[PDB]
Structure formats: structure tokens, C-alpha cells
Amino acid sequence: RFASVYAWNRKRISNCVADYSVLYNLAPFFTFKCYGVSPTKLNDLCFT
Amino acid sequence: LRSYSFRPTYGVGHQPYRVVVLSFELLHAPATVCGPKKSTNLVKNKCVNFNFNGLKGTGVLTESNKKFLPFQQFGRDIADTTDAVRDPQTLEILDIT
Amino acid sequence: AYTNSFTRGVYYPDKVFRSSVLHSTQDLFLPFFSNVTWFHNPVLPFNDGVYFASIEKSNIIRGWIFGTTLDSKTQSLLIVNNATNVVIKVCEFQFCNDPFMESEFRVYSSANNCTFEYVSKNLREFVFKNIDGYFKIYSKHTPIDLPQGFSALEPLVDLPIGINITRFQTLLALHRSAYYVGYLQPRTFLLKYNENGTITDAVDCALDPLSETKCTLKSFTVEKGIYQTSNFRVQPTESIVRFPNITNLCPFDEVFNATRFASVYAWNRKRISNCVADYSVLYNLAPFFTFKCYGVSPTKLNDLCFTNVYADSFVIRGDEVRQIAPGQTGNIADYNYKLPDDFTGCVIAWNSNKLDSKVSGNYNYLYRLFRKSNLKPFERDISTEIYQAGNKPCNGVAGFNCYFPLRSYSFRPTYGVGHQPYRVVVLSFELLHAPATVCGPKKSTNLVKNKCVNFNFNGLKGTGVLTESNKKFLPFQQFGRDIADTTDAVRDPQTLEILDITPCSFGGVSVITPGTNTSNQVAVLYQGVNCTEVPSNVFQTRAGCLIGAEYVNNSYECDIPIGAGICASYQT
Amino acid sequence: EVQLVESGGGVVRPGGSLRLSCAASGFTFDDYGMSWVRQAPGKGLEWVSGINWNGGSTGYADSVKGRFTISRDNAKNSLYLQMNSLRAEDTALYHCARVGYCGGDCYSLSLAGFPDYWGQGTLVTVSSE
Amino acid sequence: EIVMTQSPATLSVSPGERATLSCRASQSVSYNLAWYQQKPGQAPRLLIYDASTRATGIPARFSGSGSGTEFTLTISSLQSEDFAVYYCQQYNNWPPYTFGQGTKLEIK
Ligand SMILES: *[C@@H]1O[C@H](CO)[C@@H](O[C@@H]2O[C@H](CO)[C@@H](O)[C@H](O)[C@H]2NC(C)=O)[C@H](O)[C@H]1NC(C)=O
Ligand SMILES: *[C@@H]1O[C@H](CO)[C@@H](O)[C@H](O)[C@H]1NC(C)=O
Ligand SMILES: *[C@@H]1O[C@H](CO)[C@@H](O)[C@H](O)[C@H]1NC(C)=O
Ligand SMILES: *[C@@H]1O[C@H](CO)[C@@H](O)[C@H](O)[C@H]1NC(C)=O
Ligand SMILES: *[C@@H]1O[C@H](CO)[C@@H](O)[C@H](O)[C@H]1NC(C)=O
Ligand SMILES: *[C@@H]1O[C@H](CO)[C@@H](O)[C@H](O)[C@H]1NC(C)=O
Ligand SMILES: *[C@@H]1O[C@H](CO)[C@@H](O)[C@H](O)[C@H]1NC(C)=O
Ligand SMILES: *[C@@H]1O[C@H](CO)[C@@H](O)[C@H](O)[C@H]1NC(C)=O
Ligand SMILES: *[C@@H]1O[C@H](CO)[C@@H](O)[C@H](O)[C@H]1NC(C)=O
Ligand SMILES: *[C@@H]1O[C@H](CO)[C@@H](O)[C@H](O)[C@H]1NC(C)=O
């Protein structure tokens, strides 16, 4: 079950290693829209 | 607050969609989120161009007989030059001649 | 209580393996033989890292608390370890002032906004430091007042937190049914590695003269001889800035004490130049002044000069003093005297009924009432053209819609305060690429002699000892130089006396050792240093002062040569 | 932010003496005049005394002339009121105030314009009980 | 001493309405007049100085006017937080600076 949008749910992520292109696997149903960076470029760039 | 009324016979634009929104932030701290790689295989006894988790260099890789401490990735010799590394993937110590 | 550490608080400065290599490192350590506080509790400072030892088979220490405020409203670090394993956590907490069935954890009552989680007799040592937002912990648990020995500590964690720390506390397990605190300083050691790559010994390079010799030679065994290891440099004390007496005086008298001020429409501007005098000479006879100086107090501008100063003076009604200020409107500020929005000076105004009003009416002072356009800042307009308010030309005669634009204040002594005359003096200060010719004082100060001091004689900056000279300058010369063109004498601007400037004694420092295989006694020679300026056995030689060796009247074969016929030996 | 913190209020016997202090922060203290103003319980405001920015000029209300003395320490950003020969009529809440600078050349006598910032005040009670 | 006389002593006005307070000096104070608001248990707060100049962060509803001997404070649309005691003060002659007796503004 997802939240209602008015009460949208926020999961904070930390301390977990794994390529960023693990998502978009099982690709051809997704509305994947990531802005200003492809998943290829952010695949080898981390974040706090 | 109203209520969507989701029935399976709605048209596509009235059907429910689940949405996941990823934000990435960068502050004054290492990125506790990541995991890249990119490579092929590991050869030995050949002059190759190597990179061991950041250490960029050239040389021949050979089986070593040194023993690192259980926190150390690479070693240096007298005169402060890298002379042994530990393979990040296989965790084996290799000399660089 | 306090105790004496021996060789404790040495940790692996970094990764990088290594073999038999007497490596020299600079980092934050606990100095050898240091003064470590003892506790059996209160908030302690942090300041730069912490050493933390303890002794006990049971586990009395139940975590630490770190941070800047050790309270809520901001995030902090909390480290606990139950019978499972260590739990690092960084949240905003609310800590009990006294934190401590078999139920526990009454330390905090809030854990908001967590930004980091983690789960998983006897001597238990820790080293804590916090550099570039990383909070490092070294530790080791070695089974057996602390004893005496050496053991290097290995990294435990790597925590990209970002947290600032200035204070911390400790947590103890109470009874219901002993620890140390050192701090780290920037020191240099010479570390000995074995063939397995571990640190087996160390030398503290800032303790005993013999250790300085070991560190310079990169060895733990020094052969008999004499070694130059470092240097002696006397340091200067105090900073005396000498200067001459107030040359001339700025003619402010003739501005404020003038018999007649201008009319505001024709305000008067006196330009000031080339006159020394403190800036707080004004506001003397204080409690009548409307002194209003913007963005700077007279205290701050008292010791800041300027290229030019302008003094504008005029006369208006008290009601209108308010208009002499940046960003105001009215007859005065629109048509007579406008200050710019970005004004960096002062306005002084005082009441002058006793001077500028009389019973018949003082019609001396005028002001402009009509003008086609507001003044640009600091503009003056003295034209007496007839103001054309209608649409017929006035041709220079007053009449209907044709007004002579200067009226006249009517000053009588029986006006109310806001219609009485006030004299106004407006100080502007400017800065340009021209030398500043207007300044108050330079900072009074006396003059000492026979001391290494930091001196400045009206521009001449230097260091050294000042002494009475015996030179004779010509009656126009300020200072002298020696051969090779270095200043060696000056003249005091105030007393007109010549003083020599000598350097503050320096020289090499050598260590005399019989060899570490003979003894650990040592004597020190301060090369060409007089024995009164060095800071037992003190011996004066033509090569300097020798301390730590006794001089005998016998004569032996030379063993360790000192110089000028003097040698040293390890015999008696 | 500008803060003014009064201290040294309390109970005193008639004919006794008290010293009020006001610590100033959040502005250049030597760039402003200072004043004391008092308010008796359920009464209006009464200006008591003031001092210019350098301490070279002081003023006092007629009710307190010769009994009270205002002083300042510019190095400590501090204002003081020494009160001697206290009377029951001196029972009031005493506010220290920074004196604002009126709309430019206000022509006012000393650096004391109107109080622009006020401290919360300290209670002085003069009673024989 | 210059006597400052406020009027009325009490003013009862509904929220949203205009309130006007008067202060009369016994002698000309030119424009050297300030207005203060005082709430119960709080220090006085400067509203107006220079008879008409609004202090920093004071709402636009507050305006001062007048000169010489007669001055007014106007609140153009009264808010629930504006019910307080108001004081005029002259600072024209130092010393003494003198306050008016106060005007209590209360809800009608
Ligand atoms: C600078 O001013 C000082 C005073 O501030 C002058 O000192 C005087 O020096 C004469 C001897 O030359 C003495 O007889 C006076 O008693 C000194 N006055 C004081 C107050 O000590 C000094 O001479 C001045 N320098 C010059 C070059 O005129
Ligand atoms: C440590 O220094 C303190 C003064 O700061 C002194 O009282 C104490 O005796 C010293 N401890 C030792 C062991 O010298
Ligand atoms: C140990 O402490 C941590 C932190 O409070 C807690 O999350 C964990 O559940 C504890 N383990 C046990 C067994 O209580
Ligand atoms: C921290 O917690 C407070 C509530 O205590 C919340 O208002 C704030 O948004 C939180 N900050 C972050 C970065 O989540
Ligand atoms: C720590 O405090 C200093 C001031 O002492 C501040 O400049 C710095 O930004 C702070 N560091 C962090 C990570 O907040
Ligand atoms: C550690 O060093 C000792 C000598 O101090 C040596 O005998 C031993 O073999 C070393 N251990 C390893 C694992 O190399
Ligand atoms: C000129 O000013 C000085 C210093 O303020 C004062 O001593 C003197 O009386 C003044 N002269 C006149 C004529 O007022
Ligand atoms: C040096 O030390 C050795 C023992 O390690 C000893 O046999 C020898 O006598 C020593 N030499 C001197 C000059 O003392
Ligand atoms: C050291 O200075 C004193 C005077 O303070 C002098 O008597 C002595 O001769 C000096 N020593 C040397 C070696 O110059
Ligand atoms: C050495 O002899 C001289 C006389 O020649 C004497 O004055 C001095 O005290 C002697 N020194 C010692 C150390 O006995």
C-alpha cells in the first residue's frame, strides 16, 4: 500500500552500496523521467 | 480531502498510478550511497595498466608474501612509493614490480 | 587527581602498509609523559580530540555523548554498546541531566531526525578525533593506576557525520541491586616498524634533547659525538609604536566660532587639509550638541584619517535641523542643502538665539522657497532669478505668479524653540588615491629600553633591542644604516635621541652525548649565546654556554671536541 | 538583536542606597546615549536620568537630582545607576533604555533622544517592613 | 518642566475601526516627540519618533502627526494586538524628558 498523495510517504536512504542502474530493470512499463542527468551518468556518482 | 474512486473500468487517465520520487542531495559529508565498478578481468605476470580503488599506475602484478593489517589496502616501500596492493574484489595481496 | 602517562595514545596515523622503515610522522597525538586528568560526572571540554583510557574487567562505561550544546534543538552524537555490540547513532536528542527487572537506557527521551544508524585486569583504550567532519575512533582491548608499556591503536570506525564537537560527557553503570581523559596536541614522532608492519617503538620529538638527536638522525641508537639538532631564537615582547607630536592644528575654531554663518541657500564650504589632531577634539563642551554622525562613532573615526575634510556651515530653524540628514525632504533638503543617500560624515547643530536673533527681527539669513527642481547632493544655488509659477514670463520683476525665490527667516529672541536659529556644521570625509593629510592621534605609548621588543618609529618597522647610542646624526637625519644597508640606529621623534638596534640573540643548539650504549646523560651547548640570555653546571666557553657538564682543572686527551681548545668526555 | 538586561533591583529601607546595572549587547554601545526610566505600579512612565555616548554629559529629573548618579563603562558595554537616600516614592520598575537618535539633526541637547530600545526592567521596593 | 497631556485617558474602539490619540505639550517641542505602546508586563515599545517618523518594523497602520504643541497618533485599522496603553514623550529639552500620563486603548 502506498500513501495518499496529500500524506505522501518519505523513506530516507543511508549507508547502502549498490549501482544506481539496478532500477529500470524490468524496463518497458516505466515512466522513468530523471532530469538533467541520465542514469548512466549518475550510476558512478554517489550522494550523502 | 476528497477521495479518488478507483474502479478497474476507469479509463487510463483516471486509473491509479504509483509514483516514486528520488531526490539526491550533496552536503559536507561522504556519500553514504553508491556502488560503482566497471571492469573486465584480472591477469597476472603481465605488464598492464592497473587501477586499485583509486591507485592509478603501471607495472607487473605478482603473488606477494606480505601481510597487511586488517584495515590496510595498500603498502608503500622506503622512499614512499606504492609497492603492494590488495585487490578490492578478491582481497589478495599482490606485489608491483 | 592527576597521573603521569608514559608512552600512551599512539595510533596508526593512516592506512599504507610498511616494513622496517624508521618513518617520521606529524599528527595529533597524546604527548609522552603528559599530565592526564583523573576521574572517578561533569561536562568536559573537547578543544582538539580526546584520549580516553580506563581499567576494569566489568563494563562500567556505557557510552559517551558528544556535540556542541549537549542538548535538544540541535543534532548530536550518541555512542552506546549493550551486550550485543556498538551502536553509532546521530540524532537530535533530549538528554537527562543525570543519564544512566534489569531495565535500562534512561539516557535520553528524544531521537528526532536521525541521520545515521548502525547496529550489529583489562585495559580499554580509545582515541577520539574530529577532522573535516569525520569522527574517528581508534581502540584496542588488551588484557593485563595504569602500568607501563607501548601498544599502538588501530582504526575502529569511519563515520562521515559532519558533526561539530566542543564538549562531551561520559556514561556509567550504577549500582542498584574509573577512567582517564587526555587531549591531543600536534606533535612529531619517529615510528619504528617491525617486519610484520606494526609499530613497536616511538620517539617523541619534542621532549628530551637526546630524542631530538634521534629524530634528526632517524635512528634509535646514537653514536658518541656532538650533533647539531636545532636552534635558539630569542623572541620579542610588546609592540611599541612611537610617533611625533601633533604638528599643526585644523582650523575648526574659525568654522564653529565664526561671528556670522552663511545663509543656507548660500551655504559656506571650508575645505580642510594638512592638519594633524585627534578627531574627538570636537564634542568637547558636549551637553548642548545635536552631534549626529552616521555609520561610525567618533571613537572609531578617531583613529582613521582622510585625504580631505569639508566643513559646510549655515543657519536654519530648529524645526529644520531634521532635514540635515540623508534621505529627507522639505524646503531645506530639496532647495538649499541636500545630503546624499550614502552619507559618511557628521552633522553638528546648536541653538544660537543669543547670537542670531534680535528684537527688530534678524533679516540677515535667507532660505530658498521655490525652485524648479530638487538639488543634487552637495549642490549650491545662489541665483536670484524670479521663479515662474504661472505661464507668463517674469522678465525679472516680481508679480502675479512671479516670485523672488529667497525669503527671509525673521529671527526674534521670543520665537519658540523650533523657530529659533540653529547653526549647523556638516563634516564630510573623503578617501582617494592621494595621501591622507588629516588625522587625529596615532595611539599614545611609552618607550622601554634594554628589552627585545617589536618597534615602529613612524613607519620604520623592525625587531630588536633598543640601547643608548654614541653616534651623531646630522640635524636633518632620522635614522642610520650600516654597511650593506640595514637600519641600525634611529632617532626618537619625541625626545630626539639616537638609539642603537641590535638583533635579539640567535644561534645553533648542539647536543653532546656519550653514546646511547654508555649512558643517557647529555649536555647542551648554545653556540655564541651569553649565559644570561639562555632561558646546576654552567660553563662559559669562547664557543658559547655549556650546560650539564662540569669543568675540571685536569687535562685529558680530547675525546669529543667542543672548540677553542675545549673538549668533553664521559669519565668522572 | 539589541538586548538590555537590568540587575541590582531589590528591597531597601528608606534612607538606604542601591546600585542598578544594565548590560547592553547587539549594538556599538559607545555610539549611543543611555537613560533610566521608571514606572511605579499602576502609574505612567517617569524619565529618571540619562548619559551621552562618551559619558561626558549627564542629566537628571528634578525628583532625583542630588540623590541619584548615572555612570557608564564603555569597555564593558554597561550602564549604572547609583541611588542614595531612597524614599517610598522611589518604589518602581526601573528600565534601562538605549536612547535613539531622532530623525537626523534633531538639535536635541545631548545624545539622549527618545528611548528606542528598552530592557524589561528591575523592581526597586523602598519599605520600612 | 514641559507637561505632556494626553487625551482621552481611555478610548474604547472596535477592531477594524480607526483610533486617534492626542498629546498636548505645555510648550513647543517642535517635532521632538515620540509615541510608545506598552502591553501589560512588557517594556515600552517605540512606535513613532520625530512626531511622524515610524520606527523600524512598526506596521503601516500606525501614523503620527503634529508639530509645536499638538500631536496625534492614528491607528488606521485597529487589530486585536493593538489594545495597550499608549504614551507620548517629549525629548526637546534635556533634561528632563517627560511622558504623558498614558491613554488606555480597549475593546468596545
Ligand atoms: C613633543 O612634545 C613633548 C611633550 O608632549 C615635548 O617634551 C618636552 O621636552 C622638553 C625638552 O625638549 C622638556 O623640557 C619638556 O618638559 C617636555 N614636556 C613634557 C610635557 O614632558 C617634546 O619636546 C616635543 N618634541 C618636539 C620635537 O618638539
Ligand atoms: C598537572 O597540572 C596541574 C596544573 O594545571 C597540576 O596541579 C598537577 O599537579 C599536574 N599534574 C602532574 C602529575 O604533574
Ligand atoms: C541494543 O541497543 C540498541 C540501541 O538502543 C537497540 O536498538 C537494540 O535493540 C539493543 N539490543 C537489545 C538486545 O536490547
Ligand atoms: C528536524 O525535525 C524538525 C522537527 O523536530 C523538523 O521540523 C525538521 O524539518 C527536521 N529536519 C529535517 C532535515 O528533516
Ligand atoms: C563548526 O563550527 C565552526 C565555528 O566554530 C563553523 O565555522 C563550522 O562551519 C562548523 N562546522 C560544521 C560542520 O557545522
Ligand atoms: C610477527 O613478528 C614476529 C617477530 O616479532 C615473527 O616471529 C612472526 O612470524 C610475525 N608474524 C607474522 C604473521 O608474520
Ligand atoms: C571657541 O571655542 C572654544 C572651544 O570650544 C571656546 O573655548 C571659546 O570660548 C570659543 N570662542 C567663543 C568666542 O565662543
Ligand atoms: C655496546 O653494547 C654492547 C651490547 O649490546 C656491549 O657489548 C658493548 O660493550 C657496548 N659498547 C660500549 C662502548 O659500551
Ligand atoms: C654576558 O653579559 C654580561 C653582562 O650582562 C657580561 O658581564 C658578560 O661578560 C657577558 N658574557 C659574554 C660571554 O660576553
Ligand atoms: C682550578 O684552579 C684555579 C686556580 O688556578 C682555582 O681558582 C679554581 O677554583 C680551580 N677549579 C676547580 C673546579 O677546582
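Applying the criterion of at least 2 residues that are of a type outside the set (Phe, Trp, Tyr) and over 39 Å from the mean Cα position of the chain (by Cα) to the strands (runs of 3 or more DSSP E) found wholly in region C:461-572 leaves C:506-513, C:538-541, C:560-563, C:566-568. In region C:25-39, which residue that is farther than 19 Å from C:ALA178 by Cα and more than 14 Å from every other protein chain (Cβ to nearest Cβ) is nearest to ligand 4 (Cβ to nearest atom)? Per the criteria, the residue is C:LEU28.
The residues of region C:298-307 that are surrounded by fewer than 17 Cβ atoms within 10 Å (Cβ to Cβ) and of a type outside the set (D, E, K, R), listed by number, are C:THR299, C:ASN302, C:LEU304, C:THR307. Scan region D:45-58 and give yes if some residue there is farther than 28 Å from C:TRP350 by Cα and more than 14 Å from chain C (Cβ to nearest Cβ), otherwise no. Yes; the residues of region D:45-58 include at least one that is farther than 28 Å from C:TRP350 by Cα and more than 14 Å from chain C (Cβ to nearest Cβ).
Considering only region C:40-58, I want to know if a residue exists there that is among the polar types (S, T, N, Q) and within 16 Å of ligand 2 (Cβ to nearest atom).
Looking for residues that are among the polar types (S, T, N, Q) and within 16 Å of ligand 2 (Cβ to nearest atom), one finds at least one in region C:40-58, hence yes.
There is at least one residue in region C:190-199 that is at positive phi, touching a strand residue (DSSP E or B) at 6+ places or on another chain (Cβ under 7 Å) and surrounded by 16 or more Cβ atoms within 10 Å (Cβ to Cβ).
Can you find a residue that is outside any strand (DSSP E or B), among the aromatic types (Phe, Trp, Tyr) and closer than 14 Å to E:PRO96 by Cβ anywhere in region D:103-117?
Scanning region D:103-117 turns up at least one residue that is outside any strand (DSSP E or B), among the aromatic types (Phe, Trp, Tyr) and closer than 14 Å to E:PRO96 by Cβ.
Set side by side, the residues E:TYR86, E:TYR91, E:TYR36, E:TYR31 differ, and just one is over 25 Å from D:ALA92 (Cα atoms) and crowded, with 21+ Cβ neighbours inside 10 Å, which is E:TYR31. From the residues in region B:43-84 that are surrounded by 13 or more Cβ atoms within 10 Å (Cβ to Cβ) and within 16 Å of the chain's Cα centre (by Cα), which one is nearest to C:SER19 (Cα to Cα)? Here the residue is B:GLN73.
Restricting attention to region C:381-391, the residues that are farther than 27 Å from C:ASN268 by Cα and either in contact with a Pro (Cβ under 8 Å, 6 or more places away or on another chain) or loosely packed, with under 11 Cβ neighbours inside 10 Å (or both) total 1. Each residue in region C:137-187 was checked for being farther than 25 Å from C:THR3 by Cβ and part of a strand (DSSP E or B), and 3 pass. Among the residues examined, E:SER67 does not qualify as facing another protein chain (nearest Cβ under 9 Å), small (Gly, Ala, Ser), touching an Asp or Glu at 6+ places or on another chain (Cβ under 8 Å) and buried (at least 20 other Cβ atoms within 10 Å of the Cβ).
Just one of (1) within 20 Å of B:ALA29 (Cβ to Cβ); (2) more than 8 Å from every other protein chain (Cβ to nearest Cβ); (3) surrounded by 10 or more Cβ atoms within 10 Å (Cβ to Cβ) fails for A:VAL22. It is (1).
One line per residue, one yes/no per condition, for (1) more than 14 Å from chain B (Cβ to nearest Cβ); (2) within 16 Å of ligand 8 (Cβ to nearest atom); (3) in contact with a strand residue (DSSP E or B) (Cβ under 6 Å, 6 or more places away or on another chain); (4) more than 30 Å from C:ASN458 (Cβ to Cβ):
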residue	(1), (2), (3), (4)
C:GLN477	yes, no, no, no
C:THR486	yes, no, no, no
C:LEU496	yes, no, no, no
C:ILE501	yes, no, yes, no
C:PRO535	yes, no, no, yes
C:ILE566	yes, no, yes, yes
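Among the residues making up region C:425-460, those that are within 21 Å of C:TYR294 (Cα to Cα) and not in a loop (DSSP other than H, G, I, E, B) are C:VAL425, C:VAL426, C:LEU427, C:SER428, C:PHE429, C:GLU430, C:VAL438. Within region C:122-165, count every residue that is surrounded by 20 or more Cβ atoms within 10 Å (Cβ to Cβ), aromatic (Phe, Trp, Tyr) and within 16 Å of ligand 5 (Cβ to nearest atom). Total meeting the criteria: 1. Filtered by the rule that a residue be closer than 24 Å to B:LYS67 by Cα and among the charged types (D, E, K, R), region C:184-236 gives C:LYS192, C:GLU195, C:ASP201.
Listed here are the residues, each with its yes/no results for (1) within 14 Å of another protein chain (Cβ to nearest Cβ); (2) within 16 Å of ligand 1 (Cβ to nearest atom); (3) in contact with an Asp or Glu (Cβ under 8 Å, 6 or more places away or on another chain).
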position	(1), (2), (3)
C:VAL157	yes, no, no
C:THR166	no, no, no
C:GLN169	no, no, no
C:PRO186	no, no, yes
C:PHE189	no, no, yes
C:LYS192	yes, no, yes
C:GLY197	yes, no, no
C:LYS218	yes, no, no
C:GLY225	no, no, no
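Just to be sure before I move on: is A:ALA3 at the interface with another protein chain (Cβ under 8 Å from one of its Cβ atoms), of a type in the set (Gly, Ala, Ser) and over 21 Å from B:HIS28 (Cα atoms) in the structure I sent? Considered against the rule, which asks whether it is at the interface with another protein chain (Cβ under 8 Å from one of its Cβ atoms), of a type in the set (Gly, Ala, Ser) and over 21 Å from B:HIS28 (Cα atoms), A:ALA3 comes out as no. Counting only residues that are among the small types (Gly, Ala, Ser) and part of a strand (DSSP E or B), region C:224-266 holds 3 of them.
Among the residues of region C:186-206, those identified as of a type in the set (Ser, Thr, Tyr) and within 16 Å of ligand 6 (Cβ to nearest atom) are C:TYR193, C:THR198, C:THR200. Residues being over 19 Å from D:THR58 (Cβ atoms), small (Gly, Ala, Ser), more than 14 Å from chain C (Cβ to nearest Cβ) and within 14 Å of the chain's Cα centre (by Cα) are represented in region D:92-106 by at least one member. Listed by first and then second residue, the pairs linking a residue in region C:502-522 that is among the hydroxyl-bearing types (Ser, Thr, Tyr) to a residue that is part of a strand (DSSP E or B) and more than 16 Å from ligand 10 (Cβ to nearest atom), with Cβ atoms under 6 Å apart and 6 or more places separating them unless they lie on different chains, are C:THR502/C:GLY464; C:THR502/C:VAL465; C:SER510/C:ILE226; C:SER510/C:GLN228; C:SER510/C:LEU525. The criterion of at least 2 residues that are within 16 Å of ligand 7 (Cβ to nearest atom), within 23 Å of C:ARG187 (Cβ to Cβ) and out of contact with any strand residue (DSSP E or B) (no Cβ under 7 Å at 6 or more places or on another chain) is met by none of the strands (runs of 3 or more DSSP E) wholly inside region C:1-60. Taken together, the residues in region B:64-97 that are part of a strand (DSSP E or B) and within 17 Å of B:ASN41 (Cβ to Cβ) amount to 2.
The residue of region C:106-121 that is nearest to ligand 10 (Cβ to nearest atom), among those that are of a type in the set (A, V, I, L, M, F, W, C) and surrounded by 11 or more Cβ atoms within 10 Å (Cβ to Cβ), is C:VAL107. The residue that is nearest to B:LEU27 (Cα to Cα), among those in region C:102-143 that are acidic (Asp, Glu) and more than 13 Å from chain B (Cβ to nearest Cβ), is C:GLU125. Suppose the filter is away from chain B (no Cβ under 14 Å), away from ligand 5 (no atom under 16 Å from the Cβ), among the acidic types (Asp, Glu) and closer than 26 Å to C:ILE226 by Cα; does C:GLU468 pass it? The answer is no for C:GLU468.
In region E:30-108, which strands (runs of 3 or more DSSP E) lie fully inside it and hold 3 or more residues that are of a type in the set (A, V, I, L, M, F, W, C)?
Numbers: elements: E:33-38, E:45-49, E:62-67, E:70-75, E:85-90, E:103-107.
Result: E:33-38, E:45-49, E:70-75.
Reconstructed Cβ throughout: ideal geometry from the backbone, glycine too, with neighbour counts over all protein chains shown. Only the coordinates and a few stated rules stand behind these numbers; no lab work does.
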